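So the chains spell out like this:
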Amino acid sequence: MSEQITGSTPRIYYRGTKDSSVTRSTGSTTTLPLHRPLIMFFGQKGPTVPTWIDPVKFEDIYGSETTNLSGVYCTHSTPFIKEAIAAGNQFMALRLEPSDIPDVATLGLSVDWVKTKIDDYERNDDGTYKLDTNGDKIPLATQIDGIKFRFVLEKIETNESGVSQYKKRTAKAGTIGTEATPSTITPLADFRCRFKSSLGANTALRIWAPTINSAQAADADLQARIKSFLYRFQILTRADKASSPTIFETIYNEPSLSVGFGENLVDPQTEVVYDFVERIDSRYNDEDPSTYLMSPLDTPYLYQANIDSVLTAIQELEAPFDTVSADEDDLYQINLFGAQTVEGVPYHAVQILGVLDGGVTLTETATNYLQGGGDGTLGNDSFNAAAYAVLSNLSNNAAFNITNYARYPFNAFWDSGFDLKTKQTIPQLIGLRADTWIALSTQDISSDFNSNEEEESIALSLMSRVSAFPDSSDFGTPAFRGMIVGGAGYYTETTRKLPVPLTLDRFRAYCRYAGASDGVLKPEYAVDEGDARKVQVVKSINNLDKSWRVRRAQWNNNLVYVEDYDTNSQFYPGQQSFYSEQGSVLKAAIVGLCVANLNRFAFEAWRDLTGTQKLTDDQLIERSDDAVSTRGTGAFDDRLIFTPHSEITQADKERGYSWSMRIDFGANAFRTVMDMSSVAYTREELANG
Amino acid sequence: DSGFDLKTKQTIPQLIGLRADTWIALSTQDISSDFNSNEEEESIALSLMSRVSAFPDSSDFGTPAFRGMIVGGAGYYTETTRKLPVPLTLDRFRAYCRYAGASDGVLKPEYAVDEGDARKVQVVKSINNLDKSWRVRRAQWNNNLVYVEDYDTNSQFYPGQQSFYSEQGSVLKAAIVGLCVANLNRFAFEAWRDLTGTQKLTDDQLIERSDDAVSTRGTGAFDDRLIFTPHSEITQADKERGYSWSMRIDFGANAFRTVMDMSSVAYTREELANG
Amino acid sequence: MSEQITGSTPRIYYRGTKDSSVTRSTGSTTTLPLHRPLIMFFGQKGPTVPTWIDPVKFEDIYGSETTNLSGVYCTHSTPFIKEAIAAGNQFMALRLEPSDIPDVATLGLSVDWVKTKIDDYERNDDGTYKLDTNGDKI
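Residues numbered from 1 in each chain as written, not as in the entry; some residues may be left out. Chains lettered and ligands numbered in written order. Part of a larger assembly, values for the part shown. Heavy atoms only, no water.

Per the deposited record, the coordinates in this entry were obtained by cryo-EM to a resolution of 3.0 Å.

Right under this line is the structure:
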């Protein structure tokens, strides 16, 4: 029940009954689908740069509280995250932070240390069982010289300039035994949180020193084989301030670790390494992209000089004494946190002050929480502020440059309801990149539902902004890669009342259609056939009684809007892009995404052919088209027909270092109007004649 | 516990700490003393619960212990002419001996300890404190004691026979399931005892034979109280060590409903007969 | 009689005898007949926009006083509503309102609050039973 697996002795060990534990889910190798959205959000942990992620790992990369609609991190993009996770799109995550986020949480360990005469107690036998007037016997020796300790665990204070002293603490004057000044506080170790969030303030740790009789019984033979006392270490985390902690297990499904002080504690019989920091940080983390988990704690630090000094002091004092080893190497055997050896014989001449005396009892039931930390100001307002801060500075951001095609394969951006000031920074994505696609919304989810006139004004304002980024700046072709969707409603997949725009519904449709990991459109999910042309995750849509003039004006301004299918549901009469000309090639908004993908295939061709010494012109020209056609054919489900042509023109002959490609494509449109008429006949001349 | 004094009662709970296939029944009565009152019952129950709380089922994760039960009450033995006081643990002991003691290791469906005539007291009479108040009964139930009530003017019955598991889990709420789990723990020992220390085995054969043994031994034995499944393997730590393998059993059970309502509506005879 | 269901303690609770209560009727999925009439009326409650309704639910969507011929809501269309309900036609209801209907009813709760000195009363024991000079004690 207590014994651990010391060695090979024949034995069956019983781990008690337990309740089921969450199992971390393995991931799969990533791929490029035809629909690759970028989603920005507030989160609990995880990296703070764009990351290509497989939905299986979102929960254990960014913490499972970021997707909870009733949590503190909910914003107008959490529904989008949840829909993407449900559908199974590998997508690009970007975790934002508020401008006022505090620093990480910390906890430093120290000891109040002094020397003085203390009392001595009885002993039954060589086992030294008696202490603290056990039985009925008064302490025996009048006064024995010894050492008094009082442990301390407290927040690591920062410098006057606002810089933490994580690595740079120093000793100070103590308070116990101030009758003699040499009473001093000396530090022993530091611990710090890995992320900037309340997870640090809710994380806790335990350290203790077990003996033969503990619940996890220790073994003297291993300590003899490698001379160092072994302490148990544990990490716990709670849900909120009022909940109770739960153990955070190592990557091998263990509840706690054994660690020790020393340079390198290698076990010849089993080659196990018992070093404190190395063992902790190797056993509690896993960076492999498929099995990914990072511990809440960062890498611990130890004050080797001070710990060694205190160990040497106690050895010098009481190592040459009755019931402890005096050898030179027992220094690291000395039990510091406890007051007894592994066998459980108390150290006389060493006194540790209890709780009532201002000390901290390091046992297996005490718990310690890191101090400080926090998330910052959360909500839609701060979310819009952060998103604007990212989007406005795209060409000179020092965090990431998103014109990097190879490193940021995102190709879509959906407007989830940003404010009208942030809305106008989105269109420039299709001006900065040639394989990008955007969906815009005319509703600011933080405000009231717009009326007909307000929707018209916002639509005109967005079209004016879009008109500044023509497709071909050389020839002024109007933009066609995207669409604008008007409307708003309420989310149906939740009991709470949560307004959302219809871009969420179209986002789900596209996730299901063009989200397959193999880069081929699924014919069963055609966004404009069967049941995929109806609204499915929004209810109580507004302005459903539009007049004919209003509907005609919206159509002629190129919005996408819904109508009533029956008394219960709505549908899209036609899903057109915001291309402004009369060409019928570029109307269906899906063709825009198809064209973006073609642009991507061209970049791949260049990437694969650039900078080769022994190629010839004909081989280069041939290989380019081979690559494009091979990558493109059979993917677009008959929405396009395309043909590439590479060559070396006169300008290429002049330059001597370039070749040219040109892709010709064609597509169709749809019909939307119907006539109806009737004529009345007699039954005889209608049935015959 | 057949009526040991309270000093000896407090050294028994350590059996479910020292062994992983043990099941204990405790009594809140000292047969050498006077029949206890309600307050003394409550005090002894709290003391025994405090003692039991020191031996969690899982020391690693602190699962509260669930192998056993506590039974309160006392009476007089009916199978003798003399006057011989006894606690109700005797009656439950007889019931369990009849139910789960067959020499062939399969539970008898005809003696279920909570169906038919086995859910009544049969070898004790003149039980005490049968006029408990509603508050007293509620307190005992919430403290996880097993107590009897009046069936009719002549006899008593057990409204519900639960274990001293203190959590909200409904899997571990019946006392018999604890005995079933103890038997599972025994089967695992048998598997090890059979497979240990063999030169010519392979890892796959070891893993397969462990599960085979546990499943073959357990299937068809528990009269449909449990459903369990074993899984043996060699984890990464086992790879590192080189002389160990792991087994893990998954099991499930049910519970029982205990509260009923009553309501009535008065109709005229015609509209009740047709309408 | 009194105590309510607090937990799982084995027990039987008696809710006394009662006189029957009206049971709300469950409705069925809507469909389109070949005859789909629109009917206007004054109603006790319910929405004030045209609504497609299954006749089983008229009484508990618009209150059961609207179909009463002797009530205050009787106009020259109540017979039409009653015939539709009797036949069983899903139809489109429109509840009109008079041009001078007042607003809704309201009730606010408040406390008159002050601090001062007051009297104190006897106590039998720690139970603090006595109040208002019960028994014979000032």
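1. Observations regarding the overall build of chain A
For clarity, the threshold we go by: A run of H or I in DSSP counts as a helix once it spans at least four residues, and a run of E counts as a strand once it spans at least two, with each numbered from the N terminus. The globule rule is 2.2 Å times the number of residues to the power 0.38, and the radius of gyration it is compared with is taken over C-alpha atoms. Summary of the burial criterion: residues with accessible area below 20% of their type's maximum are buried, those above 50% are exposed, and those between are partly exposed, where the area comes from a 1.4 Å probe applied to protein chains only. Residue contacts are defined here by distance: any two heavy atoms, one from each residue, within 4.5 Å place the two residues in contact. Values of accessible area rely on a 1.4 Å probe in the Shrake-Rupley scheme; residue burial ignores everything except the protein chains shown. Just so you know, the count uses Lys and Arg for positive and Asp and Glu for negative, and it drops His and the chain ends. Think of each charge as sitting on NZ of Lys, CZ of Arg, CG of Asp or CD of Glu.
Scanning chain A for helices and strands turns up 16 helices and 24 strands. Scaling as 2.2 N^0.38, a compact globule of 689 residues should have a C-alpha radius of gyration of about 26 Å, whereas chain A reaches 35 Å, well beyond that. Overall, the C-alpha framework of chain A stretches about 130 × 70 × 60 Å when taken along its three principal axes. Expressed as a percentage of the 689 residues in chain A, the buried residues total 46%. Within chain A, contacts between residues at least 6 apart in sequence are counted, and of these 70% link residues at least 24 apart. For chain A, the accessible surface area stands at approximately 34,600 Å², while carbon and sulfur atoms represent 49% of it. On chain A, the mean spot of the 63 positive side-chain charges and the mean spot of the 91 negative ones are 4 Å from each other.

2. Regarding the overall build of chain C
In terms of regular secondary structure, chain C is built from 2 helices and 5 strands. Scaling as 2.2 N^0.38, a compact globule of 138 residues should have a C-alpha radius of gyration of about 14 Å, whereas chain C reaches 28 Å, well beyond that. Its C-alpha atoms give chain C principal-axis dimensions of about 80 × 50 × 25 Å. Counting the 138 residues in chain C, one finds 19% classified as buried. Restricting to contacts in chain C with at least 6 residues of sequence separation, those with at least 24 account for 56%.

3. So, the environment of A:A173
With respect to the helices and strands, the residue A:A173 is situated in strand β6 (residues 172-173). In sequence terms A:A173 and A:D327 are 154 residues apart; their C-alpha atoms lie 32 Å from each other.

4. With respect to the interface of chain C and chain B
Put simply, the rule reads: Accessible area, probed at 1.4 Å, shrinks when two parts are joined; the buried area is that loss added up over both. Any carboxyl oxygen of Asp or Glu that lies within 4 Å of a side-chain nitrogen of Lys or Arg is treated as forming a salt bridge with it. Two N or O atoms count as a polar contact when they lie within 3.5 Å, although within protein this holds only if one can serve as hydrogen donor and the other as acceptor, and sequence-adjacent residues are included solely when both atoms are side-chain atoms. A pair of strands counts as paired when DSSP detects no fewer than two bridges linking them.
Chain C puts 17 residues into the contact, and the matching count from chain B is 17 residues. Contact between chain C and chain B buries roughly 1,500 Å² in total, counting both sides, with carbon and sulfur atoms accounting for 57%. Counting the contacts that link chain C with chain B gives 0 salt bridges. On inspection of chain C and its partner chain B, the count reaches 10 residue pairs in polar contact. Looking at the side of chain C that touches chain B, the elements that each hand over two or more residues are β1 (11-12) and β2 (17-19) of chain C. The dominant element in the side of chain C that touches chain B, judged by the number of residues it contributes, is β2(C), at 3 residues. By the bridge criterion, 3 bridges tie strand β11 (residues 264-266) of chain B to β2(C) in an arrangement that is parallel.

5. Side note on helix α2 (residues 78-87) of chain C
Counting along an α-helix, one turn takes 3.6 residues, and residues three or four places apart therefore face a common direction. All names here are of chain C. Using the following cut-off: Comment: arc refers to directions from the helix axis out to C-beta atoms.
Of all the residues in α2, the buried ones are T78, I81 and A84. One face of α2 carries all of its buried residues, which in axial projection span an arc of 125°. Turned more than 90 degrees off the buried face of α2, the exposed positions are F80, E83, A86 and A87. In this fold, the buried residues of α2 make contact with β3 (38-42), α1 (58-61) and β5 (91-96). Once α2 ends, the next one or two residues include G88, with phi positive near 95°.

6. Considering the packing of aromatic side chains
Residues and elements named next belong to chain A. Here is the rule: Two rings belonging to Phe, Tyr or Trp (six-membered ring only in the last case) form a pair when the distance between their centres is within 6.5 Å. Interplanar angles under 30 degrees mark stacking, angles over 60 mark edge-to-face geometry, and anything in between is tilted. Two conditions define a charge sitting above a ring: the NZ of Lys or the CZ of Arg must be within 6 Å of the ring centre, and it must be within 35 degrees of the ring normal.
Taken as a whole and assessed by the stated rule, the structure comprises 40 aromatic pairs over all chains. Arranged with centres 6.4 Å apart and planes meeting at 85°, the rings of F480 and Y579 form a pair that is edge-to-face. Of this pair, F480 sits in the loop between α10 (452-466) and β17 (482-485) while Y579 sits in the loop between β22 (570-571) and α13 (589-609), and the two are 99 residues apart along the sequence. Taking the ring centre of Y388 as reference, the NZ or CZ of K421 above it sits at 3.4 Å. Note that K497 overlies the ring of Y490, its terminal NZ or CZ placed 4.5 Å from the centroid.

7. Some points on unusual backbone geometry
Residue and element names in this part refer to chain A. Residues other than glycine seldom take positive phi values, yet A349 does so here, at roughly 80°. On the basis of relative accessible area, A349 is assigned to the buried category, the value being 2%. A positive phi angle, near 70°, is found at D638, a position not held by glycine.

8. Thoughts on a negative patch on the surface
Note the following rule: Candidate patch residues must exceed 30% relative accessible area and have no salt bridge, after which like charges are joined if within 9 Å and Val, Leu, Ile, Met, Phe, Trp or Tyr side chains if within 5 Å.
Taken together, the side chains of A:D617, A:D618, A:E622 and A:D626 define an acidic patch exposed on the protein surface. Considering the arrangement of structural elements, one finds A:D617 in helix α14 (residues 617-632).

9. A short note on the pairing of strand β4 (residues 106-118) of chain A
Residues and elements named next belong to chain A. Of all 13 residues in β4, 10 are buried, a share of seventy percent or more. Bridge analysis of β4 against strand β7 (residues 184-192) gives 8 bridges, and the strand direction is antiparallel. Paired with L109 across the two strands is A189, which belongs to β7.

10. A closer look at the pattern of salt bridges
Residues and elements named next belong to chain A. Counting across every chain of the model gives 38 salt bridges over all chains. Residue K57 is joined to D60 by a salt bridge in which the shortest nitrogen-to-oxygen separation is 2.6 Å. Of the two residues examined, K57 and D60, each falls in the buried class. The salt bridge partner of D190 is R169, with a shortest N-O separation of 2.7 Å.

11. Describing a nonpolar patch on the surface
The grouping of B:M260, B:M262, C:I12 and C:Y14 at the surface amounts to a nonpolar patch, some 380 Å² of accessible area in total. Position of C:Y14 among the secondary structure elements: in the loop between β1 and β2.

12. Overview of the sheet that holds β3(C)
Residue and element names in this part refer to chain C. What counts is decided by this rule: Axis lines are fitted through C-alpha atoms, for helices just across the contact stretch, and the angle between N-to-C directions can take any value from 0 to 180 degrees.
Spatially, the 3 strands line up as an open sheet ordered β3-β5-β4, and their pairing is mixed. Each edge of the sheet is formed by a strand with only one pairing partner; in this case those strands are β3 and β4 (51-53). Each strand axis lies, on average, 40° off the axis of its neighbour in the sheet, ignoring direction.

13. Remarks on the environment of C:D120
Residue and element names in this part refer to chain C. Inspection of the secondary structure assignment puts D120 in the segment after β5. Judged by relative accessible area, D120 falls into the exposed class, the value being 63%. The spatial distance from the C-alpha of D120 to the C-alpha of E83 is 69 Å, given a sequence separation of 37 residues.

14. Here's the deal with the environment of B:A188
With respect to the helices, strands and loops of the structure, B:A188 is situated in helix α6 (residues 175-195). A C-alpha to C-alpha distance of 23 Å links B:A188 and B:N254, two positions 66 residues apart in sequence. Other than its neighbours up to four places away in sequence, B:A188 contacts A:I12, B:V214 and B:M247.

15. Quick look at the side chain of B:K173
The residue B:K173 is located in the loop between β7 (156-157) and α6 in this model. For B:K173, the contacting residues outside a window of four places in its chain are B:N144, B:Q161, B:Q162, B:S163, B:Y165, B:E167 and B:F256.

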